[PDB]
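Shown next as structure tokens: one chain only, the form deposited in one PDB entry.
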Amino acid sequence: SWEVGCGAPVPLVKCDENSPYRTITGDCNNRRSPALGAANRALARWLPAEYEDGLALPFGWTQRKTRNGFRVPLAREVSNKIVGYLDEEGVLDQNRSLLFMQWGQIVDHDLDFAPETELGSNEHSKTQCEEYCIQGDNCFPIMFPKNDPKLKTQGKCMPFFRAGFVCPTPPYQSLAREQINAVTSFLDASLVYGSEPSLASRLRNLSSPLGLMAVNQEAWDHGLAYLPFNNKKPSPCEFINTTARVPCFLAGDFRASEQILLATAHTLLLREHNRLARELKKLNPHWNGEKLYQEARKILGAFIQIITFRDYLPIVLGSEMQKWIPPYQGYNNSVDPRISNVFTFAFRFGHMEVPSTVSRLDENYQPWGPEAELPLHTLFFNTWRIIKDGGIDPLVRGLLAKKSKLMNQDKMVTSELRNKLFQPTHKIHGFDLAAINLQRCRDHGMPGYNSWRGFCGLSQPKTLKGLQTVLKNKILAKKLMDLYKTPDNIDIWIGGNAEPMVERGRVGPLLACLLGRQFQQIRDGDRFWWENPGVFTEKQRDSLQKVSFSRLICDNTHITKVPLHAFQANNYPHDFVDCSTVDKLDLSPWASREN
């Protein structure tokens, strides 16, 4: 066994039993073991961590040491050989809107974050890793293979630092290293409100007693709000353009400004919250600040649950959706709602769905201006193209009228992310999201592909012919084999994503199984699930049953023409209808008859 509960960083676990609202930290959801699904605790291990030394080291740390008799391939070599492609033609998913990709990143953020090791204060370590590419302690550089273009213009490696782990920040033994999930495992709208009280309050507007979320005072969007700027220096949003000097936004989740479209979706959320607190004020004028905030927060987290589970998940899982997420049967206190470590990798499937460009569209959904279509890499940490360039309404149109990239066996990840990714405190648009993912798998001591195949009640190929038959691809199988030398060594991220898509779905069997379980666990282990009897009133539930993303757009943007089904591909003007004919969220069921 292990020390039953290592817990030096998490002390305070005091719970109010009457409380009708979720805590910001996730704590007190589970009564028998409150810390389940709470921010700042270890990610769950569905299977024992697999580490080079069986403690904290990652495979590929010691050159001599092999995994199952073979050396594991360099993350970047796998990337170049398998992940990359040149031709962006015929790569768009015909039946998925770009919103599909976007919602997947939103939901993912709400659920898990495993941030890097924070051990360098007035230290050159972030630069000693980057400048001289020397692996040590938390620094775990992604080295370039022999034939690599980036070797010629960038250096010997790409900087990479290991993720944070519970108890000691830098040293520990002998139990296996466990990474931290810095957000709440629950689909609770954390990304809008925060997972810490320190952040939660800063995000709030406590000046007025209207329970509104703090907005921007330096800029507006045709009378509509923008999230507040985060005034911390240095900002990468200012670094990308030093002339525009527009900093990153401040949201409930740290990563909000990574790409313009996510920041965009973050802006749509804050608005719907403020819009909700204003309607509650009008029907319940006796309700105070905190109460207006909490009830609005309660409704938004319910909205994210319905969209994700009713509209989003069935089109990710497709045929495999009932097999894993059968109709709700109520809260089950024995269900672990913690995000597992492997899900933070299973969910990365979304990377394949990211297209190489983003567009801006006018009322007739036509190119908005001369540069309307821009390359994705010019949008990493770019908040200025929203403030100084037309607001969100044009971007929210792109999201409805354009397509997500379709995952493709010979075209998995676009170069915008493969070669051109920007990372804070590193200057260049010259990083690789694919290499990073694979590096992270090893950093998190991930079990190989077959361990996971076995875990899901699926076959475990040991030959080239076996792998060919599972992937339904000769050449993909051969490249993987030549690199890994065995399936048993294939990193889960590239292994799960290499499998053909399930019928009516956008992922393979292995991912549909992993994604499948996790989502059902976060629905069943949630005491505050919107459908759990007693959370909302019988009537409130009938009002919430009508929410839509279309409605979220109409309610919080000046667009008046939207599809009925926001995630499927939709063309203008045919697939578009007026906002007038769209179900509204009636808030009458929230009337507080106190007298």
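For every residue, the number given is its place in the sequence shown, counted from 1. Here the rigid core means the biggest group of C-alpha atoms that line up within 1.5 Å when the two forms are laid on top of each other.
J.: Please work out which of 395-403 and 277-285 has the higher mean CA B-factor as recorded in the PDB entry.
T.: It is 277-285.
J.: Name the higher of the two by mean Cα B-factor in the PDB entry, 141-149 versus 506-514.
T.: Averaged over C-alpha atoms, the B-factors run higher in 141-149.
J.: Among 544, 42, 47, 36, where is the Cα B factor highest in this entry?
T.: Spelled out: the listed residue with the top C-alpha B-factor is 544.
J.: Which listed residue, 370, 500, 73, 457, has the largest C-alpha temperature factor in the record?
T.: It is 370.
J.: C-alpha B factor of residue 465, ranked within the chain: lowest, middle or highest third?
T.: Tercile = middle for this residue's CA B-factor.
J.: Going by what the PDB entry lists, where does residue 525 fall on CA B-factor within its chain: lowest, middle or highest third?
T.: Within its chain, residue 525 is a middle-third residue by C-alpha B-factor, going by the deposited values.
J.: What third of the chain, by the recorded C-alpha B-factor, contains residue 298?
T.: Middle third - that is where residue 298 ends up once the chain's C-alpha B-factors are sorted.
J.: Considering only modelled residues of the same chain, in which third does the CA B-factor of residue 567 rank: lowest, middle or highest?
T.: Within its chain, residue 567 is a middle-third residue by C-alpha B-factor, going by the deposited values.
J.: Taking only the Cα B-factors deposited for this chain, tell me whether residue 129 sits in the lowest, middle or highest third.
T.: It belongs to the highest third of the chain when residues are ordered by C-alpha B-factor.
There is another form of this protein, the form deposited in another entry, and it is not shown here; the text below is about that form.
J.: Can you tell which of 90, 171, 370, 457 moves its Cα by 2 Å or more between the shown form and the other one, with the two forms laid on the rigid core?
T.: Result of the comparison: 171.
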